Every structure is written in structure tokens, then in C-alpha cells.
4 protein chains.
Amino acid sequence: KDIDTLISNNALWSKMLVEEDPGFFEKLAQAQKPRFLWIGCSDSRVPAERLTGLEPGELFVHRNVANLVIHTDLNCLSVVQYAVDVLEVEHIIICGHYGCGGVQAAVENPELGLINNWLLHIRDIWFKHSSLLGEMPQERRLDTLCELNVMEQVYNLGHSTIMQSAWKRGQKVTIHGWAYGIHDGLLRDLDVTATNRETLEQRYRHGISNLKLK
Amino acid sequence: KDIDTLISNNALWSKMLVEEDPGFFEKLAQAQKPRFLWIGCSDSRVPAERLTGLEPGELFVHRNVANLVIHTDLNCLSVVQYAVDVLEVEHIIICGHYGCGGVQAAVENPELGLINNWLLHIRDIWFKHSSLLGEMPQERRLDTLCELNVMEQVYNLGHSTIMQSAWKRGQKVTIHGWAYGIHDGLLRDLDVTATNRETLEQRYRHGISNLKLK
Amino acid sequence: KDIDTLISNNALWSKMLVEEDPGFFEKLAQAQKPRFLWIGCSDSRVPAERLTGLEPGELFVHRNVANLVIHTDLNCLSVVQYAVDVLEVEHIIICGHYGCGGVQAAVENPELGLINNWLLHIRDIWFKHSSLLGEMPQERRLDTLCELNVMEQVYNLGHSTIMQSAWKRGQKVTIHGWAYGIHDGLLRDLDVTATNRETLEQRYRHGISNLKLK
Amino acid sequence: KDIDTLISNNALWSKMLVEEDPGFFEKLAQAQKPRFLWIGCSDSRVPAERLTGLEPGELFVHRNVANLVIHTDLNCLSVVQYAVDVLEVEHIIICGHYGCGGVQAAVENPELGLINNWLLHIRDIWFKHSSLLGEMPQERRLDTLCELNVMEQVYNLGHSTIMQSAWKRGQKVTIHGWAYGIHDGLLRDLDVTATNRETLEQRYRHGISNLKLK
Ligand SMILES: [Zn+2]
Ligand SMILES: [Zn+2]
Ligand SMILES: [Zn+2]
Ligand SMILES: [Zn+2]
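In terms of determination method and resolution, the entry is listed under X-ray crystallography at 2.00 Å.

Visitor: Teacher, can you tell me more about the coordination of the zinc ion (ligand 2) here?
Guide: All names here are of chain B. Every protein donor of the zinc ion (ligand 2) is accounted for by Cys 41 (SG), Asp 43 (OD), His 97 (NE2) and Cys 100 (SG), and the metal-donor separations fall at 2.1 to 2.4 Å. Bound by four donor atoms, the zinc ion (ligand 2) shows angles of 100 to 122 degrees at the metal and therefore tetrahedral coordination geometry. Sequence positions of the residues that donate to the zinc ion (ligand 2) give the spacing C-x1-D-x53-H-x2-C. Of this pair, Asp 43 sits in the loop between β1 (36-41) and α3 (48-52) while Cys 100 is found in the loop between β3 (91-97) and α5 (101-108), placing the two residues 57 residues apart along the sequence. Accessibility expressed as a relative area gives 12% for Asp 43, which makes it buried.

Visitor: Which parts of the structure should I look at to understand the relation of the copies chain B and chain A?
Guide: What connects the two chain copies is a rotation about an axis and a shift along it. With an RMSD of 0.0 Å, the fit of chain B onto chain A corresponds to turning through 180 degrees and sliding 0.0 Å along the axis. What the rotation and shift describe, once combined, is the action of a two-fold rotation axis. Closest approach to the rotation axis among the C-alpha atoms of chain B is made by B:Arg63, whose C-alpha sits 2.7 Å away. The fraction of interface residues of chain B whose copies in chain A are also interface residues reaches 100%, indicating that both copies meet through the same surface.

Visitor: What should I look at first to understand helix α1 (residues 3-18) of chain D in this one?
Guide: Helical geometry: 3.6 residues make up each α-helical turn, so side chains three or four residues apart lie on a common side. Look at α1(D): 24 Å from first C-alpha to last across 16 residues, which is about the 22 Å you get at 1.5 Å a residue. Those residues of α1(D) that fall on the buried side of the exposure criterion are D:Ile3, D:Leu6, D:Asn10, D:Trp13, D:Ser14 and D:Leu17. Projection of α1(D) onto a plane perpendicular to its axis shows the buried side chains occupying an angular sector of 95 degrees, all on one side. Facing away from the buried side of α1(D) by over 90 degrees, the exposed positions are D:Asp4 and D:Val18. The inward-facing, buried residues of α1(D) contact β1 (36-41), α3 (48-52), β3 (91-97), β4 (174-180) and β5 (187-189) of chain C. Looking at where α1(D) begins, the residue whose side-chain oxygen comes 3.4 Å from the main-chain nitrogen of D:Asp4 is D:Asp2.

Visitor: Can you help me understand the environment of B:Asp143 in this one?
Guide: All names here are of chain B. Its location among the elements puts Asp 143 in helix α8 (residues 141-159). Between the C-alpha atom of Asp 143 and that of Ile 182, which follows or precedes it by 39 residues, the distance is 12 Å. Leave out the neighbours within four places in its chain, and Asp 143 touches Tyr 98 and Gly 99.

Visitor: Teacher, can you tell me more about the side chain of D:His71 here?
Guide: Locating D:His71 in the fold gives a position in the loop between β2 (59-64) and α4 (74-86). A distance of 2.7 Å separates a polar atom in the side chain of D:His71 from a polar atom in the side chain of A:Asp124. Setting aside residues up to four positions removed in sequence, D:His71 forms contacts with A:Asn117, A:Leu120, A:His121, A:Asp124, D:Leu77 and D:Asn156.

Visitor: Before we go on, may I ask you to explain the coordination of the zinc ion (ligand 4) in this structure?
Guide: For a metal bound by four donors in a tetrahedral arrangement, the ideal donor-metal-donor angle is 109.5 degrees, while six donors in an octahedral arrangement ideally sit at 90 or 180 degrees. All names here are of chain D. For the zinc ion (ligand 4), the protein coordination sphere consists of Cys 41 (SG), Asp 43 (OD), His 97 (NE2) and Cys 100 (SG), at 2.1 to 2.4 Å. One can describe the site at the zinc ion (ligand 4) as tetrahedral: its four donor atoms subtend angles covering 100 to 122 degrees at the metal. Going along the chain, you hit the donors of the zinc ion (ligand 4) in the pattern C-x1-D-x53-H-x2-C.

Visitor: Before we go on, may I ask you to explain unusual backbone geometry in this structure?
Guide: Of all residues except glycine, most have a negative phi; of all peptide bonds, most are trans. Of note in this structure, A:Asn109 is not a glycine but carries a positive phi near 55 degrees. Mapping A:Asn109 onto the fold places it in the loop between α5 (101-108) and α6 (115-128). Of the residues examined, A:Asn109 reaches a relative accessible area of 41% and is grouped as partly exposed. Unusually for a residue other than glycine, C:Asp191 sits at a positive phi of about 55 degrees. With respect to the secondary-structure elements, C:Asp191 resides in the loop between β5 and α10 (197-213).

Visitor: In this structure, what is going on with the pattern of salt bridges? I would like to understand it.
Guide: Working definition: two side chains of opposite charge can pair if their charged atoms are close together. Residue and element names in this part refer to chain A. Applying the stated criterion across every chain yields a total of 36 salt bridges over all chains. Across the pair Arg 35 and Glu 90 runs a salt bridge, and its minimum N-O distance is 2.5 Å. Of this pair, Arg 35 sits in the loop between α2 (26-29) and β1 (36-41) while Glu 90 sits in the loop between α4 (74-86) and β3 (91-97), placing them 55 residues apart in sequence. Judged by its relative accessible area of 35%, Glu 90 falls in the partly exposed class.

Visitor: Would you mind showing me how to read the UniProt feature "binding site: Zn(2+)" in chain A here?
Guide: All names here are of chain A. When the UniProt feature table is mapped to this numbering, "binding site: Zn(2+)" covers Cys 41, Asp 43, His 97 and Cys 100. The greatest C-alpha distance among the residues just named is 9.1 Å, despite their covering 60 residues of sequence, which places them together in space. Not counting residues within four places of it along the chain, the set of residues in contact with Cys 41 comprises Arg 63, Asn 64, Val 65, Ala 66, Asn 67, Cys 95, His 97 and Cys 100. A residue is classified by how much of its surface remains accessible, and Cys 100, at 3% relative accessible area, is buried. In contact with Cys 100, other than residues within four places in its own chain, are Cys 41, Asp 43 and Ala 66.

Visitor: Looking at this structure, I do not really get α5(A). What am I missing?
Guide: Along α5(A), the residues classified as buried are A:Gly102, A:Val103, A:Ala105 and A:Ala106. Looking straight down α5(A), one finds its buried side chains confined to an arc of 165 degrees; they lie on one side. Packing partners of the buried residues in α5(A) comprise α6 and α8 (141-159) of chain A together with α4 (74-86) of chain B. Backbone geometry just downstream of α5(A) places A:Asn109 in the positive-phi region, at approximately 55 degrees.

The rules behind each value
Residues numbered from 1 in each chain as written, not as in the entry; some residues may be left out. Chains lettered and ligands numbered in written order. Heavy atoms only, no water. Donors = N, O, S within 2.8 Å, 3.2 Å for Na, K, Ca; no water. Tetrahedral: all angles 85-135°; square planar, octahedral: opposite > 155°, others 65-115°. Helix = DSSP H or I, 4+ residues; strand = E, 2+ residues; numbered from the N terminus. Buried < 20%, exposed > 50% of the residue type's maximum accessible area, 1.4 Å probe, protein only. Least-squares fit on C-alpha atoms. Contact = heavy atoms within 4.5 Å. Expected span 1.5 Å × (residues − 1). Arc of directions from axis to C-beta. Polar contact = N/O pair within 3.5 Å; in protein donor to acceptor, adjacent residues only side chain to side chain. Salt bridge = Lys/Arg side-chain N within 4 Å of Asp/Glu carboxyl O. UniProt positions renumbered as here; feature names shortened; annotations may be inferred.

Have a look at this one:
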């Protein structure tokens, strides 16, 4: 596919909607704030909308390499603060995916350029859970790192001043840590769901523990 | 819709694909690098995939508030460098949308919190094109700012060291500046398409000029 | 000078203080919060302490290339928020200097690498005041840009959510825009001193106006 | 001291130099690139120039809260890249200090606002060396964290793409990890000096080991 094909398909798509689904934009037209914030990877192997069946306008979205929530990344923090304080989303979903190019590159450590600096945050995670990973079969270590990465980002987001203050003033906002694979497009709940400061700490340890078993 | 509904729909969606479109993941399974990098707004009113008809895996995606390409935002720059130097995408599309909450908030200047700092980059653009905007009917100024914002981000991306070096070594990478509205989902080419350092400067002025007329 | 010379001189310096100025650390030992926040250039041609005669512990300091206050730079914003809200400094000084390597590089635009992205913020300023600069003798344009840069950073800092909220709750914090040259080490007040939202806007225009004359 | 006193003292200081040290700016006037890059804390309890006896113009300087080198902080990375690739400094010194307000705040975890996000990078370090710290007397844990922080930042800087590429092309650049206290102003070499990729890894482990003993 080339550029002209995208513009042409869009023009035809727009016209076809009139006599196939005229109310397609009805929801959009009506100022309806999203209830979910989705933080995913730029790889976007399978669109979040397709994975969940959500309609356009129901989710606010941020995507970066390897779906990271770095303590000091204002790009991501700005999306979160806007979503939590202004749009007042009720659920935040951090979703990783098996076979993520970013996660793999962080382990193999090839010389890719500027992106290597961003990826060092993942290597920090790999070092952190070294013992845990060496306790499992080799073929499952990369997929496990993918899950650990999501859990650590959920933990990071929960500790941001944004989430801490929201939960402190009693706002209802839940964080979820999910992952999916390209073999079946099945969402997998890493079970680190946090609804407040206490469950954040509890479920985090819970998630890590469920891996010690696995 | 609640969380349980998303997980349940996903499980059912995955199963249905087997006897409706078994080869859905065939493309994904095959390591196929995306040809397009899409930089859009976190609002994601209408998914890029739906707007263009692109299949999953064909595009690399980054989304932030008001689709900005700040000179010094490493989150966005990391996505671009990875896409250009590693995935070697051939087209980069920066797409804004009319009625963007970020653009509007930058003009009205309400006290929203941390996000206000991110939005000041848009106010800089508004000041920059003050004369141009005052030369057009009031009802069209916000939509025009939305277009100007996209053009300025295309300009910013083109001047990053990442794009400058890519074009310098003769790599084929094109940047496009688009915008769409919720009234019809029709993509609008702002005609600032840049294929090298020269066309970047030329098309930028061209885009601004086409507005002086409009 | 080499590394061993610095360590050796430090050891001797420390000893000499006992029988030359025994109370040197008395001030430091006593938890005394700084009253001034100094934001300067990494070039640090002449130390701020030497320029003003301030004693150690009296100033909090941040230095980056070309003393910039980018709307979205969390490094600088973190220093400011800490200084204003926690240390409660009463004066913030942004000081540039004539002949700054960063300012010059932004104009000449040589290919220096990663730093070029940081410097684009200065080129934005150069474009912004194009008419003003072309209205003055060529030999004075670079020095004028150096002053304009400081004024714009003062403006940027004043518009951050940090300063806006501080002034809003009635906190006493003043921002100053200074510059000095290596020909005499003489501080030059650009007269853009802001004590609140109103004076920020007024003095900014004032500073620009005094240049139209110059 | 107030603002008028700083401006007045500067004016008098400048004049006095003529008949006390007329050649004070001679060095500065002569375009002499610094040989050292100093990365320190914004606290700046004792100026680097006073600690080492270096003259103005001999050092390039960056200061932020708790002297951090975050993998993805473009402010700090820009200073380093400019210093290494353009100024070609030969030594980079990361210097922390005992009693650092940033380090302490990271441990006590008070609610300070935006700065708490920046400080989470230090808490990550505290968690990382939990076992090591619990193996030492309580009264020495905070000072030890101060040293561990410096060692980790040296490690971070060494792993940046900037340092990796410099050492790869055979450039001579050495990184040092120091710390000083307000009780005597005595510099303490943490002995993690790295001159290349190999010594970076070796000296890092060495530094941590010397603590296991201490
Ligand atoms: Zn991925
Ligand atoms: Zn938007
Ligand atoms: Zn400078
Ligand atoms: Zn400190």
C-alpha cells in the first residue's frame, strides 16, 4: 500500500458509512469523555480497539516504545494527569505484548542508536529480577520479562504524584496490567490490579509471587 | 462497558476468529516491519486503522496530547529514531484533528494542572501566527490553529537531528501533515509533504501561504 | 592541571582552612536554606559566587546549555518546584552571558550531534525576533540574541504552572533576567523583573521595547 | 543580602579587579575549552571551584537535584554530548555530598510535590541495595546511600550511547565518582573511575565490594 491508496480508501470509506452506518459519528459528535486510558507499545501489533471491542471515543491512548512509564517522562505523565484529573478516566490499562521488539532489543543489546538510552530502563528491570528469571526455563525468560516489565510500569504509575494524589483525595481510578500474544490475540491479566496505595503494594508483590510458582 | 466485559469480549473475539478469519494473525506471525509511522493525538477520536484501512502490523504508532513533536521530547524522538533507523519506515504521518481538546485548552487556557506546561508549546504557535489568524473569520480560527499545529510539528520533526541525518545519507523517508474531522472522518492533506531538507522548507512556506488565501 | 592535582589541592585546602578561616563551614553546618535560585549556563565562564559575592549555601543552582527554561524540561522544572515550594527561595535569577557557545551554535547551525535538538529552542527565539534583530547593526545581533534568550526564559519560567500557582497563593518570589560579559564581569539587568502575573507580562514587553530603542 | 546588594557588590568587584588582578579575564578572553565536566547537585553546598581550586573557564558544569544521570534525561545528556563530542573534555566528575537534601527526601518520602517524581529514581537505588544497607550500622546508611547514588550515576553515564560511542572510537574520556562532606570539605574518591567499557564494569563492582567491607 502507498500513500495515495490510504487517502483514496479513506474518501471511499467515509462515503460508504452514510449508507452502511450513518450514525457512526453520532457518539463522537456528542462530547463523551473516555472512561479508559490505554498505555501500550508503539508496535501496536493488534489495535486495542480490536482486542477489546471498544468503540472510537471510549479510550484515551498513549503509545511509546515498550509501553514504559518512566518516573520522569513528562510526555507520558502529561497524558496520565490529563486523563485522571481532567477527563477523570476510571480505568488505566498498561498493556504489553509477547515478542515486543523493544523488550528483546533491551536483552540482546544491539547498537541501535538513540533508542538504546530509552531501553536501558528495561535492562534495569532485567537486572532487578535476575534471580527470578534464572529460576525458570530459558525459552520462557523473554516472555516473562515482558510480563515483569508491565508489572513494573504499573508500579511506577501508581507511585507517580499524579496517582498518589488522586487516590489520596478519594478518586476512583483503577490500574490494570495486561499482556497479549500474537498467537491468539488473547488478553492475559497479570493480576496486579491496583485501586489505591495499599492494593498497589499488595498486588505488586502478588504478581511477582505468582511468577515464582509459574 | 466495564472491565469484565472487555476481557470476556476479547476471549470470545479470539475464538470466533478461528472460524471466521483463521489467518488473521498470519501477517503478524510473519516478522513484517511497518512501512508507516503514525504520530497522532491521545484523543484518538477515530482510530488510524479505521481512517486508512491499514491492517494490524502495517503501522508503528505514537500518541501524545495534541500530537506534538517537541524538539526535546525524548519519548517521541525515541519512537522516531527507532522507526527511521531501525524499522526503516518510508512514511511518517503526523495527524491532528479538528476539535482537539488539547488545542482548545491551549487557547482557553483553563487551570488544568501539569498538562498546562505541555500545552504552552501550542500557545507559542498561536502567538507565532497571530497576524494570520486575525485575518480570518473568528469561527474558523480554532480549526486553523489545529492545522497550523500539525504543520509546525512536521517542521519540528524535519529539523530533528534524526530526520536531518537520514535525509543526508540519502534514506527515503517522507513526512506528511494531515488532519481529519468528526463530521465525516475525511482525511485532509495539509500539503506540507517533505522528502528532504529542501522540500521541508519549501512545502512549509507553501502550507502557510495556502492559509493566507483560505 | 590533572586529577591528582585537584585531589591534592583539595586535601591541602581543607587543612589550611583550620588556621585561616576555621568557621568556614559554620554557616553550612547550620541548616540554612538558600534565598536565591540561580539558573545559568553550563559554560560557567565566571562563577555566580564570584560575580555576586554570595557565600556557599546562599544559592541553589541549576546549569544547562544556554540557560534554557523549556516548558517541558522536567530536570529544570524539578529544580524550580523544589526551590519555590520546598526551600521557598525569594529570588530566581536567570543569567546568560555574551559570547555563549550555545547561543552562537544555534545561529551558525553547525552539525554537532544530539545537542542540536536542544539548540532548536534558541533558533525558535531567533526567528521570533527576526524583524527586531534586522533593525540593529550586525555586530550587535548575537549579543542581542543572548539578551532576548534570557528574557524569553524568564517569560517561560513565569508561565510554568509552578510559578503561576506560587504567585496565585500569594507567595513572594521574584524572577530576574541578567547577563554579563567576559570583558569586565559586569552584571547587566535586562529589567524584566517579575513579581506576579501582571508584572511578568508588563516587564516582558518593556524589555523588548528597550531593545527597539537600543 | 538583597538584590541591590548583589548588583552593587558586582559593580565594585569588577572595578577592584583592575588594580588587584587586571589579567583576571585574560584566560577567559582566550577561547580555552574546559578539560573537565562537573555534574553536581543543585544544593552546591561548597562550590566546585573552591573545592578543587580550578580557575573559571576550566570546567563545564551541570547541576540538578541530587546529581542524577537519568537514562532518558535529555537536559543532562545534552550537556554530556556537547562536553564529550564538541568540547572534548577529558574528565567527567560526578560529585555527590553527604547530607544531600534530595537523597534524604527520597528516603523519608515526604509529600513535596512534583519533585517526588524525580526522587523516585533514588528510591529505586535504595531498593536495589537493600541487603547491602541492612548489613551496616543505621547511622551510616544515609551517607552510604549518598555514595551508592554517585556510583549508580557513574554507571548510568557510562552506559549512555554518548559514552559508549566515545570509548568505542577510542576517545580519551575518564569518569570519576566523588563525594564530599560539610564537616571538612574533603573530597572522597569512591574509586569507580572508568576509562572504557571494561573498567566501567570492573570498577563498578569494585566500588560496591569496598562497601560490603566498610
Ligand atoms: Zn512492543
Ligand atoms: Zn486531540
Ligand atoms: Zn553559555
Ligand atoms: Zn544535594
